[PDB]
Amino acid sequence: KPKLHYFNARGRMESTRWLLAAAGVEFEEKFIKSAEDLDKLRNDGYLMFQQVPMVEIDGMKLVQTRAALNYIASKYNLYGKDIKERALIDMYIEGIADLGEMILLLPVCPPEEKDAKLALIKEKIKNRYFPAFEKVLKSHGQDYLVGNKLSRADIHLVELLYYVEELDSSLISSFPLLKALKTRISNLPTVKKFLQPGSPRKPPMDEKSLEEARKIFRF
């Protein structure tokens, strides 16, 4: 089983949980609880840049979110059929990571900047990101973003649509193709299982979880 090293929170590990579960791959997590837990990994030389996420997979200790995502994606045939398809995939999911990063760090945003940061995020969802991905689906009329077959791009976009719904459920309302994609992807047997109660899917970060973050990661 791949083994995911992170704390018990979404943070930078959640896109990897979604991808493994989507690919039908059982994984184990080793939850970090304290700074001491983190220091153990560093001391044991598990972490190339002293940071998590780290995924143990196939005798590698893969730190850096994208390094394990790319490797999981190629291994399980979710990175398209050739390097041109991979280029479209990487362009789509990097815009996804961009929006994703804004939402991810919103909890950590200095309190006097939170209002403006939220407003910006909602503005970009509506005017920049959602229109870009609706354009894609409209262009080809197909069920999947790339190559008319399931890829990473679909899973990462659907994960983002959940986080967008938690922010403001109206934001997707003018984007019918994005809504239909969320439904279709959420009904694929693996994703459906991941979305059910009691899965390893993680909740939004609350105040307690955030305080655990500051103690583990020393910030």
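Each residue number is its position in the shown sequence, starting from 1.
- The PDB entry records a higher mean C-alpha B factor for 123 to 131 than for its counterpart among 88 to 96 and 123 to 131.
- Look at the C-alpha B-factors of 160 to 168 and of 28 to 36. On average they run higher in 28 to 36.
- Looking only at 205, 13, 195, 23, the residue with the top Cα B factor in the deposited structure is 205.
- Of the residues listed, 109, 103, 72, 136, the entry assigns the biggest Cα temperature factor to 109.
- Sorting the modelled residues of the chain by their CA temperature factor places residue 46 in the highest third.
- Among the modelled residues of its chain, residue 19 has a C-alpha B-factor that falls in the lowest third according to the deposited record.
- In the PDB entry, a CA B factor belonging to the middle third of its chain's modelled residues is recorded for residue 190.
- When the CA B factors of the chain's modelled residues are split into thirds, the value for residue 65 lands in the lowest one.
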